[PDB]
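Heads up: the structure comes next, in structure tokens.
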Amino acid sequence: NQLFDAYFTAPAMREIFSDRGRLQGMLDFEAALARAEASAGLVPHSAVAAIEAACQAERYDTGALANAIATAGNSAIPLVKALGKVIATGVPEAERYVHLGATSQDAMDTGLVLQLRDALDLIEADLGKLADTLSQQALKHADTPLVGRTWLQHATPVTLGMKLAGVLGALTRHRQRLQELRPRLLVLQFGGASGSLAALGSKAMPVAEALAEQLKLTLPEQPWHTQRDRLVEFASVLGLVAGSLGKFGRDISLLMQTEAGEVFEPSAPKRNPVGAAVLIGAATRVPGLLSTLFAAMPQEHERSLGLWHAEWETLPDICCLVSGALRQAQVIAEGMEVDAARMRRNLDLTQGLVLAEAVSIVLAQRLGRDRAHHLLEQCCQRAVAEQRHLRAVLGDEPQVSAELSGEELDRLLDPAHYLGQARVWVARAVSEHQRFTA
Amino acid sequence: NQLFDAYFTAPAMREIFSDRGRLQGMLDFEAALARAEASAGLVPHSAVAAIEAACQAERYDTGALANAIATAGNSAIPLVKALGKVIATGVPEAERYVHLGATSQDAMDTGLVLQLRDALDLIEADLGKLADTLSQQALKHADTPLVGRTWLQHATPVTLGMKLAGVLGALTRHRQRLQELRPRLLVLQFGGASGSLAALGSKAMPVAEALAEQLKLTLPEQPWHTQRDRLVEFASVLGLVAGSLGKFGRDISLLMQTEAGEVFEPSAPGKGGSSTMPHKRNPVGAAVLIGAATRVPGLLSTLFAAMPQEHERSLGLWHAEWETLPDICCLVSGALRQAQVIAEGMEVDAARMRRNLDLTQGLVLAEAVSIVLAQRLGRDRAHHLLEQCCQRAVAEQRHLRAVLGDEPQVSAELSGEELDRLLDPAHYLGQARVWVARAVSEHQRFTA
Amino acid sequence: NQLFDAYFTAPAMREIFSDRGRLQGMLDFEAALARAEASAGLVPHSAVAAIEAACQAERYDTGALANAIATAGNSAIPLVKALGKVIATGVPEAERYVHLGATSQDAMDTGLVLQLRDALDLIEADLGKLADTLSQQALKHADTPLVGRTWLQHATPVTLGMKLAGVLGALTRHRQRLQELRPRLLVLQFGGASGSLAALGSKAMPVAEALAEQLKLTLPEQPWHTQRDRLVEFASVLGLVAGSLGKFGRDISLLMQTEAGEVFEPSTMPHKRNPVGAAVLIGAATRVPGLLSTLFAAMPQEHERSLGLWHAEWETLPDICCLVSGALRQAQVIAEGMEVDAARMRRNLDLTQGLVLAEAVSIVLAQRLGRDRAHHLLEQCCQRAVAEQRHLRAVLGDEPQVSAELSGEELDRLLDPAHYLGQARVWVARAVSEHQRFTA
Amino acid sequence: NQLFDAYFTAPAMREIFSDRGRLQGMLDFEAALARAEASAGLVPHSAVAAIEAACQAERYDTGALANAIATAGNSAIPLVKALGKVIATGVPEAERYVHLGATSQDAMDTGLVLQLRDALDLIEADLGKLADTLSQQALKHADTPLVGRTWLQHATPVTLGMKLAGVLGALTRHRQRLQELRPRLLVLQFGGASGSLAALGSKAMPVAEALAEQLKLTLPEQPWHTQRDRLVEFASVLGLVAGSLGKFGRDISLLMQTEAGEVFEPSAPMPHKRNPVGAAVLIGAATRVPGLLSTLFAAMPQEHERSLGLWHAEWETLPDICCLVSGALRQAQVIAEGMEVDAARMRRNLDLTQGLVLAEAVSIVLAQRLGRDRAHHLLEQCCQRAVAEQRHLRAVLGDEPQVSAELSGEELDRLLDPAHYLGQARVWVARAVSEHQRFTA
């Protein structure tokens, strides 16, 4: 099943979450294990070299391992056995030192953490890259006006940059979150059969620290075979990412509507938003995958069956799904086409009624807040009845045209003059984005 | 990613949901389309032959199509284009008739329905097979007694057959559900660009009916590009199946617990080389059933979440279905597979079940005694006298059978032969055998 | 918490799923139990009368029961205890016959089924009512043309009735599904402590059948304390309903868009018209999926009675019923009173200036000239209608080959949406037809 | 519907998430708004006093408001209207200043945030309290041995304290998480009709800052009417808490099994018909919350300046999650501080596999005493026999020439003693408790 894979997953991410990557992660653990126990005096340095030479994914047969797993219950034991048979060919007496003192889940979880680290690194890169380009766009259109849409109904003006800044804001907060969880997530899983590490006796802590250092991972306060919050948390932040990008994709698709035509996805490297589809798809698929991870948390005792198995393919799907949305969001963010003219046109589709408020405040002071209220509802009721722009109806209004010149009315009914804090929001958002950098 | 695929998916099911299977479904649609339109006078019979010759999945390159899809937004257009370029090599003037009057989703949904039918067929087979073997085991152990477990606490007796009968019951109801949705699910998706089928003019219905008949699919009251209840219902029943097998998997894992050791998955004393009994007899099969019952709910909610698809064709929500439905089918196929293995080969330890039964030293049978001593003496007096014997059987900790034998009023009302029977689990099985009877009965009724 | 309850739940449904409704369901079970065991010779007819008199929800204190439940672990034991203390006041020696031979879950599940039966009845009523009005609207607008929208882009013409017929189709299928599960869902839950019903000895089946008949419920092949598929199936179909009405609510909100303004929910103070009704439908379609998966998630219940997973069902199923009842309610309001602007629909139709109708002309000029020549000639006309931006009708009129093959009267028809509605009217017909067939 | 509410929700949490609490949250916003705008010169101080006097939830009719909402589409407009009619009775000319320049969602989101802050405060107190008592229990049983259970199968020894330390570890990580999201979650929602705040002109930022300060909330970089990640994140951590307490609840129920009988829930004020009613709540929450959480994730792609339907879906969902978790924390505390341990039964269960679960501990020692190659064979032989002629491994090894010739009766007694194969058990408890004390500050 790879037909839709190019469209839904980012190639680099798929490489990490492939059989090769999964296998390599565990093998990395095994080699690192031998290395760490050797420096503790548990394994002959001659064996360390033998093991490392066999810890290359390429040397194993996935098809064969797959059938064995179906009988083993996990991936570690069939791999360790296959690793042993490879080390036997060359240094037969080294075979007895592989996977010493460790349990299957140690290899599996640590291997996974290694893959998660490479994954984290990609996601942070793409995020920063996307935030940068989004930052520029926000500034570029910090003041090009478009109508505000509330419950899909026209509302007071807004700016395109204001909208893009909101997405920027969320992305910054996610980079922040990924940064805070990093020291929590990147930990070693080394507990042995029941997490007591008893098999290593007094060389337990020494081997553990050596092992963590070897893999450049932190040593946790204790093993976590059945405490899975670290993994679920990571998945949850990726969930937040899919959701925000989902909002972005929705907004694009609505802006690309025939009856709106204000913003468009870049033209193929009827104009269908094939990129937005990916973003919306991810924001629709991920919640379910995420609840699965939450659902599997109440893992029994020292190792749970079934609940633990449910994590295996779920976490990787989430990472892939999100990698694909980030990739697609980058494409549209750096190349979307804007039609400011059309934005202007759509703005007085309600014929200035959306700007009634801007006029109400001015005539509030020019005359009585009490009198202006009446006089304004009257002009709107008319601009609708005899259907014609509010600018005109107001020009033919004695009290109004007697208090406001033709030049004043032209300004009041100009959306570019009712942008509120639009530019400020973009400023603060872009500001914070640059602050984070450091 | 195929490491865990042999363990989590049934090989036959993966074949259906592979690139080849996906492609073939759509090509089958294309060939059938030409055929149906030819008989309506829209396509020269010479083209029909050209097209069918190119409607073979093997002739296409997945890798290439994959990259094209990333730009197209769907799978139909890149496939149709590739199909056209293949038909051009031989009969160049046949190229203009492929995919005539149809929209991308028509090919995709119909292709899917074809895959779903092959899937439905596997699932029904496996279910029937599993129900059969489960039916025999139920009968075989209709009266082997085991303690009842409530909130994981010991309760009045139950029978192993009774337990297996409940799984049988659920499975029968699912077979029933699968049967009722069949006519609803296996429908054709032919509506064109906006579901009006206007491009075919007055040849619309004729082509439609011909097409349905060609594929052996029913013609729906109308196209359903954005009315997805049919697919969500199918996923939902599969969900129910995952759930039921999940309960079965849980029960096995709990019965295989070291402190229970009453039922075991196949493969020697527990699992594999039963050397050091303590561990190793791991329930690798139950893990699959439990895994599926844990994963499926989320995948199912995704299909529910993607139902409010806008207008004539929705973007994003529709894309979300593509890989989700297949995952559900594969997950369930793997659970059915594993459930079959353990159902037909589980090991029972009736002696250990007996031993576990009086772990509470007959206190779990207090009720069975309470009713008899209710009539022999006063329901009011018996109540007092019984709580007294239990409080003692616990204090001086020793079986209730004993405490009652040393009880004047009790031993004066019930002989030693009577008390032996009252404190025997085998005599307090209630409707255990009846339940197994009714369930198996209904299972045989369904058959027809 | 009742602020949003009037807006999100249908009052009749909330009545069913209230403390009173929950309590009454269990009490109904107890009364029916005594009645059935009496006719088996297990209970004196004098006690049956005493029990029935106490089986009225009104006579109990919810607040008090609630605190007891926090210690009991379920609702049946504190209720049965309170019931016993009420029967004591009058007929003291009747107290020992209440809840005889039954376990807490028997009372709880059966009580629930009773509530689900009332709920099923409301949902079937509302659905049929909604299907009817939707049916008329479908026919009424069977041929008022509106542009087709694909990926939110303009596509070949469609009819408003066509759209509404789709929703009708789905609702018909749900009524059908609700009909098929009815015999499966409305079953009695009577198994006792461990589902063996051993406490009743040989009077087990007799009491069981009498009890099922008393409550007008079917007796299942065996008790189902930990086989929950019946409940999850029902929630699943309600899920299907929320999803369908969700699609409807989405379509309305999109048609109510300022840049569309084609359909509206029933009604300064001008351009301000928010779809408060569609909000409910979309909300339900968004909330229900999660609630449903919870029911699926709770299926692997251990042995004879599961703790935790079973507790998870208690408030979840009722939430689903209430959520859906509110969506049905709101969908009915908008279905029978939505405002249509056929004029605006026409206007929006040539927003692409006839390019959306290029296909309709392509087939005709396919025969008039060469399918090969027509193709070229048509792309040329579209490319121009875009460049010098002006309707395609015009560009085709200034096209020698085209105006030489098609009269001005012929081009006026080809570029008219009303003439490219395909099977629109047929779809509405089949859907409405099937709706009338079901009725019986 | 309050039957199961006492059992599933913590009373204090329900108070926060009640009609009264919801209403008061928005009223607090209204009062604070007037106050902030007055100091910017937009409202007469005499009106500020009139408004504040009307911003008390008690003065309004929920039933009435509920029917109005059914027509309004939200809760803010019917409340603001009702508030206005109350301020009219006394200071009629003050009515025109209420809710000035604000949109419905500003009142609603800010009101909710206020409620979430009170909720956050409860959850942090309970977590700290639960961590403390779990901390003592961990230490108290840091070395009482119980058998390890892998895939529900007996495995090498473990300690009760070790197990409890794992729950402690998770709880500490959650407190840490709650601390990190606090500055992110507690922000003001003030953007007006479309988030431009245009209606206030150049008095926008001044009023905004004054408003934030008034409510003791941070001012975000920009309004967030359709960027909901802050709320979903909070719900997500609460999800993590439900999950962890869910694992704890599961372990208790399994330890309370008749065939185990090692740990029991307090005998809150029959075979030993002791049902784990508390564990039921923890497991239930862990089962219900995932669904509620995905709902909030599902509602994130909210369109433009204000989304209909998806935003409505948040309203009752976030509160349910908070209540559900408050009920699980409550129940977890009860069992944590009062669970009964049967160390003797744990010992008995330990050699249910008759020492085979300790085979590994013997394997390493006999690996050196003799040949790692010879010991291997000799050990599998003793196990295969201890099983066949079914009798303890301690015995089978004592009748083994090579073994009894290499290890004294005193040495074998020790090797087959669980208390001597606890590995890092006590260390894990140490590190976890240590980190718990570290966090404190």
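Residue numbers (the deposited numbering), protein chains in the order written: chain A, 3 to 271, 282 to 450; chain D, 3 to 450; chain C, 3 to 269, 278 to 450; chain B, 3 to 271, 279 to 450. Virtual Cβ for every residue (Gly too), placed ideally from N, Cα, C.
| Check | Outcome |
| --- | --- |
| I'd like the list of long-range same chain contacts for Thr146 of chain A, defined as Cβ closer than 6 Å, with 5 residues on each side in sequence excluded. | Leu162, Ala352 |
| If you measure from the beta carbon of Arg354 of chain B to each beta carbon in chain C, is any gap under 9 Å? | no |
| Under 8 Å Cβ-Cβ, which residues of chain D neighbour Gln155 of chain B? | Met258, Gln259, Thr260, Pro280, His281, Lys282, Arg283, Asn284 |
| Which residues in the same chain have their Cβ closer than 8 Å to the Cβ of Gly407 of chain C, if we skip the five residues on either side of it in sequence? | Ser413, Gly418, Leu421 |
| Assuming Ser246 of chain D and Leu173 of chain D make a contact with CB atoms under 8 Å, what is their CB distance in whole Å? | 7 Å |
| What are the residues of the segment 198-214 of chain A that lie near chain B, defined by any Cβ-Cβ distance shorter than 8 Å? | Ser198, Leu199, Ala200, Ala201, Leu202, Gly203, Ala206, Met207 |
| Do the segment 203-215 of chain D and the segment 209-223 of chain C make contact, defined as three or more Cβ pairs closer than 8 Å? | no |
| Using the Cα positions of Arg403 of chain D and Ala51 of chain C, report the straight-line distance between them to the nearest angstrom. | 39 Å |
| By how many angstroms is the C-alpha of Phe6 of chain B removed from the C-alpha of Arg394 of chain A? | 57 Å |
| Closer than 6 Å by C-beta to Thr278 of chain C: which residues in its own chain qualify, once you throw out the five before and the five after it? Chain order, please. | none |
| Keeping to the same chain, check which residues put their C-beta closer than 6 Å to that of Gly113 of chain C; ignore five residues upstream and five downstream. | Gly27, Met28, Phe31 |
| Quick one: give me the first and last residue of the beta strand (DSSP E) that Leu256 of chain B is part of. | Taken as a continuous stretch (DSSP letters only), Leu256 of chain B belongs to no beta strand (DSSP E), being part of the alpha helix (DSSP H) at 231-257. |
| Can you name the residues that DSSP bridges to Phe266 of chain B? | B:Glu349 |
| Where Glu314 of chain A and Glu325 of chain A are concerned, what is the direct C-alpha to C-alpha distance, given to the nearest angstrom? | 21 Å |
| Within its chain, find whatever has a CB closer than 8 Å to the CB of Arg283 of chain B; leave out the 5 residues flanking it on each side and keep chain order. | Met258, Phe266, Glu267, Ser269 |
| Can you check whether the CB of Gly150 of chain C is closer than 9 Å to the CB of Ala157 of chain C? | yes |
| List, in order along the chain, the chain C residues whose C-beta lies closer than 7 Å to that of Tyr9 of chain B? | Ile71, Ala72 |
| State the DSSP-derived secondary structure class of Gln363 of chain C, mapped to helix, strand or coil. | coil |
| Give me the chain C residues within the contact set of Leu431 of chain D, using Cβ-Cβ distance strictly less than 8 Å, ordered along the chain. | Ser198, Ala200 |
| Using 10 angstroms around the beta-carbon of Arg383 of chain A, count the other beta-carbons present and answer buried if the total reaches 16, otherwise exposed. | exposed |
| Taking Cβ positions, are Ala434 of chain D and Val160 of chain D nearer each other than 9 Å? | yes |
| Taking only beta-carbon atoms, is residue 451 of chain B less than 9 Å away from chain A? | Only positions 3 to 450 of chain B appear in this structure, which leaves residue 451 of chain B out of reach. |
| Tell me which same chain residues have a C-beta within less than 8 Å of the C-beta of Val298 of chain A, skipping the five on either side of it? | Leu240, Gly241, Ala244, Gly245, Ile330, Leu333, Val334 |
| Just the Cα atoms here: how many angstroms apart are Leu221 of chain C and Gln178 of chain C? | 23 Å |
| How big is the Cα-Cα spacing for residue 273 of chain A and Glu264 of chain A? | Shown without residue 273 of chain A, the model has chain A running from 271 straight on to 282. |
| Taking the alpha helix (DSSP H) that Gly163 of chain A belongs to, which residues open and close that run? | 162-187 |
| By alpha-carbon positions, which one of C:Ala295, C:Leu327, C:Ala308, C:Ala307 ends up nearest to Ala307 of chain D? | C:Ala295 |
| Could you please give the first and the last residue of the uninterrupted beta strand (DSSP E) stretch that includes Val149 of chain C? | 147-152 |
| Using a Cβ-Cβ distance under 9 Å, would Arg151 of chain B count as near chain D? | yes |
| May I ask you to verify whether the segment 8-18 of chain B touches the segment 89-105 of chain B, counting CB pairs closer than 8 Å and requiring at least 3? | no |
| Under a CB-based cut-off of 9 Å, is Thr362 of chain A close to chain C? | yes |
| Tell me whether the beta-carbon of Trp153 of chain D lies closer than 9 Å to the beta-carbon of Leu317 of chain C. | yes |
| For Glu182 of chain A, return the contacting residues in chain B, with the cut-off set at a CB-CB distance below 7 Å. | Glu182 |
| For a contact defined as C-beta to C-beta under 9 Å, what are the partners of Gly380 of chain C on chain D? | Those do not exist, as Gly380 of chain C stays about 12 Å from chain D at its closest Cβ, beyond 9 Å. |
| Kindly indicate which three-state DSSP category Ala195 of chain D falls into: helix, strand or coil? | coil |
| Are the C-beta of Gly300 of chain A and some C-beta of chain C separated by less than 9 Å? | yes |
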